[PDB]
């Protein structure tokens, strides 16, 4: 007996060779392979396969190769591939990607993916499943920002802040031992993974280093604290010793140096360059040249993503009003004009497409949107396909190459940069079960279910008073993973090795899972999945025009984007 | 008697900044091709290498402008600025690592500035 | 509907604007939160209509005049900011000195 | 170089001699002095002063005179003065009021107010900063009452209740060891400081005393439990032994005594007289005479504050419907008429102005508004300036004398009365960093930011999904100080010495900071800052007219108030 | 706008009143929560208009009559209470037996 | 009013529907959440009016047509579900393929 491919896709989700449109973009992903055995697909429900004696094994105890949770029939979109598999979770980790069920009666069952008495089921047929997003440019300003991030499929927030204090409103910094301790405590109640950055400023080692020992997961160098050669140098010396990452927002004003001076201070050491295009901050006008260097891990923040007709007017005004600049003061106008540049924003779209900027991030509440990292990644990929065509590397008329390049920017690459990719950032065996299910129609717009540590934390779901869960109003809501003590087991506080060795968790009474930051100092651009390109970026000081390999990088702004007015009530 | 909620009625007079400190005017040129903006409280000798001026005249000093404001030099622009004396202990650490101690060590600051190519060591 | 947090919140602005418009229609001089709600909702509806950020920057200065509002309200409002989904995605609108 | 005073005030907040209007009242406060060094003002941001090597010290570790937090350029309004200073916080306490920055390069830096790597910054330029309000008449009826209180700048709730039980709905009482233990546990989740009052009723010592040992911070004598000579006597004997305060709502009915009988029972011992005017309760009609005595610490509750055209109609009806009184029953009408009196309410305005009633309080949810203690204090000061003129003591055309007298009523004076002024109630070095920032336009109406123990707990802030924090809707929101375990470090549970000695915190597993109640029994009227007047108050039994020093105290009700319809959406 | 908790909550009363008024306009006899919402919102709007507590005590008894509401609703409502910002600050209005 | 959790939540649907109806009245093609809100509120008001589940199952397919909504919205909505208090208690309405 045979099933036509339309009916098959409707029942089990798509299989090899089938394509799926990402939301309302022009982007199509194609199933590269499928781990199933046709006819032995797992599924759950009345008269379905995962029943005792059948696709559910009735013999084995939980320890004996049995899963806590099976996601059936997932279409995985990950740097590692775009493919169809069951995903098996146990102890809050992904233990098996393959084919789940019961070896009693089914062929091709992955040996550690037995559905047994202890197994919960999530139907992922017809869904796209990705890793949870890793946002490494978070200002901790307003706790309401967390649900915003969860609703767009973000599961890890790295950054800093003490709430809406001016320091925190400008910079991703939790300064000093006491503020870091306080925010580690606060973190116990935030249903998302967290890592905290200390202040990457000082001219003696001890004031900087004591923040790492106190529990910081990294450092932020910010011009508002003085992005001087000395602050850059000491931060990196601390980071080399402590094995944590340093993010930089460089000296826009060129006050103590130009870009070349910042690069000299860095002296070949590894650094994460934030909003590398420069609208969000950095050496005017040539900061984006950072993204050509092998020791630089470059990220964009999201408001320039992608280049649209409203972008420039929005940014000029934003800059002026947020720095209290006057329109009648020529120095203010000159500064604004030197910082907000169509030439660099347009080139930023293309640098993403070429794999030269490796990472996306929000800049949540300082100059970026907490819930639009994933959204804008795909809008950018879509714009680039429209303007530049399918990339050379594509085949079968799919956008798989571009989709892997782009998904990498907000999943694996930030995880690698931060030193946390042993735990998070991709759907791979042995990593924490931070998983986002998406209806393809809502892909990159509104997550269906966000799984944190193997338990749903956040879901678009309806009337809690109804007979069934789908009646209106369907809205984003915190689920059981966020409630009571379960918030401790489903989320990770990422911390420096030294703070962990020094017993900071026990000292502060932290109950969350503790993740170790490590392997941050001997990576480079070459380690950024699908985004590993180094090149000489030239930025013309007069015209601001960006060149790579002798060619000007320019594109037009678009009047309209997908993943916009079709979806949003405001 | 129109009420502006929370309005100020400031007293008469003017606030003199940096009162009783020595002032010094010098010419400074941005020899670079990118703009340079200098804040009120950066040790003046430690600014961007590409600013050309008599580096010795920046030692122990900063711009005599209101706290939190900055002087802007467009590419190629030369202009006069007024400096005032640093106060407190008159020590500077960090920034460009030219001082790292008393501002009185003129010889040592200038030697460092010269070795690192800070323009205008005379 | 799949409402995200901001969509749920911004429903409140529309509702506050409806309330304020009814109060203005029965002849009241509007207060601070009323005025803010009206102009904010105007911006968000303008984005929904497909106007540009530049258009809304202009128009927002002419939604209410000083004779629409109580004494001191014009001077209390230095600028009103709103983010909405334009045809080209979320953008920030700042209306400076909306009521002269 | 010189800056004109208009530009100076706009950049740094006002300086000596400048005046600021409080919201939309006629009240002007004047800067009495300024701790700054002109030209070395601290400020934070791009190209600003608090940067490494500059106004931020890059040498010192946190222990070495460095702050956790600097509020730059605050205009402090406090019983101790109205003046311009930077405020330095460390370990959750105010450690320095003076001039913050970097002694490397700045003159006049207060030695323990170094801005270093560990320092967070809050810009207070252009803001008024006060102590958090201390509300000592709180019924714990509805947990939603907490945000209401935070939004109007209240940071400490003293009172009692178990939720909307009738006992608690009438009286500020958490009765007995078990209810007190339960509410101490509940308190672990309330983002505000708390002290709990037991039932000040009984004829044997042991039933009353066991409530103090159990963790009560004080006692409430309430007529609804029998405000008899015996209950008054035993409560005060317990309070004298335990070093805690007793609040009284006396026998309105004059059932067991008149005012003189209550005074005889009190027998010269210290007591807090609640809603001393008497609309809120007490010996009809002369209770307000309490406020003349040296051993009485007198507070008003807020609905009589101040006397307006709607006050009497509102109160008569409120009384009648809340006591199920009928309009056709002459005894009910007589009772209402004996209790709600324009003569005493009008006199209450003036007694506030003269420093004869020392304290304001809410009576939250029993006969008072949780979020209007601060609001109504200023409306009262404004009305009094309009009707009585600048007080004799004023100079320079400022309202500084009146402003200190009035701010004292809801900050320092309740703290002194309760025995907690070593911790809270004023902006002084060595006290807990409970600080409220106000935009002058919103002063006393809606707090900008409420700092609890050195971390923001509550803020008026906008769209959490926005690029920046100011876009609409701007509303009151809990901040990071309230989240997770940080709620423990940012708030104080105030408790009796005996409960603390007996290990009640450890027994109940309380994680909050534990504050000791003490020095409650050898204070008097003379200890009430700016409100220390004792005098013979005569209340005519026939006409209800109030006399002090041979003069009738009367004023007109007003038809309109400031801090009202300009601000409130409902 | 600087909405405090009560301002956010009381928006709900206005909205419930708008819903109930639409239901009455299409000819429905109103139920318990509908009737309560209408009269409550009426009080809050009356305070905004600058009426006195005494006026609203009178007027609130004539907003809905027994023929506007379902059987038993008049007897279910003993009184409706609302607090709003009058010109002279927040005051409590109690309307006794609003529907005879 | 004694609002229970669902009564507070479902006020939001009515409000979203009012917003969407205003947008349709000024000539916009409605988006996904707008369309959903309109049809949902229609069902809840229909139950309040005393219509049957069968009636609302029919009527809900004719509230909006494909020319009322943006491209792709008809195909995004497979069915809209709402629970409301009918004369005979709470019932579930599912409207299948509301916009053809």
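In this document, chain identifiers A, B, C, D, E and F correspond to the written order of the chains, with residue numbering beginning at 1 in each.
One rule holds for everything that comes next: a residue touches a chain if its C-beta (ideal position, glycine included) is under 8 Å from a C-beta of that chain, and two chains touch if they have at least 3 such contacts.
Chain by chain, the UniProt names read as follows: A, D = Urease subunit alpha; B = Urease subunit beta; C, E, F = Urease subunit gamma.
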Shortest path length from subunit B (Urease subunit beta) to subunit D (Urease subunit alpha) (each step joins two touching chains): 1
Leader among chain pairs (count of C-beta contacts): A-D
Subunit A (Urease subunit alpha) and subunit B (Urease subunit beta): spacing of chain centres that average the CA atoms, whole Å: 41
Centre distance in Å when subunit D (Urease subunit alpha) and subunit E (Urease subunit gamma) are each reduced to the mean of their C-alpha atoms: 33
Separation of subunit A (Urease subunit alpha) from subunit E (Urease subunit gamma), taking each centre as the mean of its C-alpha atoms, in whole Å: 49
Between subunit F (Urease subunit gamma) and subunit B (Urease subunit beta), distance of the C-alpha-averaged centres to the nearest whole Å: 65
Shared interface positions of subunit C (Urease subunit gamma), touching two or more other chains: 1-8, 10-13, 15-16, 18-19, 32-33, 36-37, 40, 48, 72, 76, 81, 83, 90, 92
Overlap residues in subunit B (Urease subunit beta), where contacts from two or more other chains coincide: 3-5, 7, 37-39, 42, 46, 70, 93-95
Contacts with two or more other chains, residues of subunit A (Urease subunit alpha) listed in rising order: 144, 147-148, 202-204, 226, 228, 230-231, 253, 255, 318, 369, 371-372, 472-473, 565, 567-569
All pairs of touching chains, each written as two labels joined by a dash: A-B, A-C, A-D, A-F, B-C, B-D, C-D, C-E, C-F, D-E, E-F
In the complex with subunit C (Urease subunit gamma), residue positions of subunit A (Urease subunit alpha) that touch it: 144, 147-148, 151-152, 308-311, 313-314, 317-318, 321, 369, 371-372, 375-376, 379, 442, 446, 460, 472-476, 557-561, 563-565, 567-570
Of subunit A (Urease subunit alpha), residues touching subunit F (Urease subunit gamma) in the complex: 24, 441, 462-468, 470-473, 565-569
Touching residues (chain side subunit C (Urease subunit gamma), partner subunit F (Urease subunit gamma)) in the complex: 1-3, 7-8, 11, 14-15, 18, 45, 48-49
Contact footprint of subunit A (Urease subunit alpha) on subunit F (Urease subunit gamma) as seen in their complex: 4-6, 9-10, 12-13, 16, 19, 31-34, 36-37, 40, 70, 72-73, 76, 80-83, 90, 92
In the complex with subunit D (Urease subunit alpha), residue positions of subunit B (Urease subunit beta) that touch it: 3-19, 37-43, 46, 62, 64-70, 82, 84, 86-95
